[PDB]
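Please read the structure below before turning to the comments.
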Amino acid sequence: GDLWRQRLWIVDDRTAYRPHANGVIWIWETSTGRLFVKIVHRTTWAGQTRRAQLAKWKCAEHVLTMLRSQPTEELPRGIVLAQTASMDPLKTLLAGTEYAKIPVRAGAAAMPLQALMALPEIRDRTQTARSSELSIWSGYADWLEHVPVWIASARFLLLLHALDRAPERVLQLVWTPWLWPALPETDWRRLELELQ
């Protein structure tokens, strides 16, 4: 439970190709809760030949673009990739740039960040997309008002795993833009207890 230490970027592209639907690449900023949803349009895959070949490089290029759009004080202190196949491509695209010597690590697989595909607001903004749209959500809502950073981080992680093992039950228990509904802390506590 040490993702609250520094400003890390968890990158998950395991939903970049979804059969006959727009995919998504997720970037979770651990310290702040900021979530980068990059909708990958279906035209990406039209006429393609290897999904891994294309996906790994588009993910690497996307991370490079999100880096380029950040101020130097808001650059991540580490980058964690869910799939190791994009570890080499990412490094290649960062060579020779100011973002080299930002440690790039694997092992985010243990974290089912892609399970956010189950939130109806995201799913609905995703399918109706016409371009490969970028949107930014606040994954910690207003939790940093009432809990320390490590609690908000852990809560988000518990939500991720609950969405990955019982998405309907999570959706039924819960409910710029907030990813979660505006609830008091007591209901958040009861929810944490109920989510196994």
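Residues are named by chain letter and number: chains run A, B, ... in the order of the structure tokens, numbers start at 1 in each chain, and ligands are numbered from 1 in the order shown.
Look at residue A:12: the protein and nucleic acid residues within 7 Å of it, using only C-alpha atoms and passing over chain neighbours fewer than 2 places away, are residues 10, 14, 25, 26, 27, 81, 82, 113 and 114 of chain A.
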Show which residues sit within 10 Å of residue A:106, as a tab-separated table (two decimals) with N, CA and C atoms, in the first residue's frame. Count only C-alpha atoms, and ignore same-chain residues fewer than 2 positions away.
chain	number	residue	atom	x	y	z
A	10	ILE	N	0.17	4.69	-13.17
A	10	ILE	CA	-0.17	3.31	-13.49
A	10	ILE	C	-0.84	3.30	-14.87
A	11	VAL	N	-0.22	2.62	-15.83
A	11	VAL	CA	-0.72	2.60	-17.20
A	11	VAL	C	-1.22	1.20	-17.53
A	79	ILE	N	6.75	5.34	-13.56
A	79	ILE	CA	5.74	4.88	-14.52
A	79	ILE	C	5.64	3.37	-14.38
A	80	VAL	N	4.44	2.86	-14.12
A	80	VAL	CA	4.24	1.43	-13.93
A	80	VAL	C	3.31	0.94	-15.03
A	81	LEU	N	3.78	0.02	-15.86
A	81	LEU	CA	3.02	-0.53	-16.97
A	81	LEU	C	2.38	-1.85	-16.58
A	82	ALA	N	1.12	-2.01	-16.95
A	82	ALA	CA	0.43	-3.25	-16.65
A	82	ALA	C	0.94	-4.38	-17.53
A	83	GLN	N	1.32	-4.08	-18.78
A	83	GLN	CA	1.81	-5.10	-19.71
A	83	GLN	C	3.27	-4.83	-20.07
A	84	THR	N	4.11	-5.86	-19.91
A	84	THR	CA	5.54	-5.67	-20.07
A	84	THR	C	5.92	-5.47	-21.52
A	85	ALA	N	5.02	-5.82	-22.45
A	85	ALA	CA	5.32	-5.73	-23.88
A	85	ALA	C	5.58	-4.30	-24.31
A	86	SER	N	5.04	-3.32	-23.59
A	86	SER	CA	5.25	-1.92	-23.90
A	86	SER	C	6.36	-1.30	-23.06
A	87	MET	N	7.14	-2.12	-22.35
A	87	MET	CA	8.26	-1.59	-21.59
A	87	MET	C	9.40	-1.19	-22.51
A	104	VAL	N	10.85	3.28	-15.36
A	104	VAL	CA	9.73	2.60	-15.98
A	104	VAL	C	9.77	1.16	-15.49
A	108	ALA	N	2.16	-3.84	-12.92
A	108	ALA	CA	0.85	-3.30	-12.57
A	108	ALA	C	-0.26	-4.30	-12.86
A	109	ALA	N	0.08	-5.44	-13.47
A	109	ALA	CA	-0.90	-6.45	-13.82
A	109	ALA	C	-1.74	-6.85	-12.62
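Shortest atom-to-atom contact with residue A:122 among A:90, A:136, A:159, A:151: A:136, counting only C-alpha atoms.
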Task: DSSP strand (DSSP E) selection over stretch 83-152 of chain A, as JSON, numbers by chain - done: {"A": [104, 105, 134, 135, 136, 137, 138]}
- [ ] Based on DSSP run over this structure's backbone, return all residues of stretch 77-180 of chain A in helix (DSSP H, G or I), as JSON, numbers by chain.
- [x] {"A": [84, 85, 86, 87, 88, 89, 90, 91, 92, 93, 94, 108, 109, 110, 113, 114, 115, 116, 117, 118, 120, 121, 122, 123, 124, 125, 126, 127, 143, 144, 145, 149, 150, 151, 152, 153, 154, 155, 156, 157, 158, 159, 160, 161, 162, 163, 164, 165, 167, 168, 169, 170, 171, 172, 173]}
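Considering the residues A:115, A:191, A:99, A:120 and counting only C-alpha atoms, residue A:69 has its shortest atom-to-atom contact with A:99.
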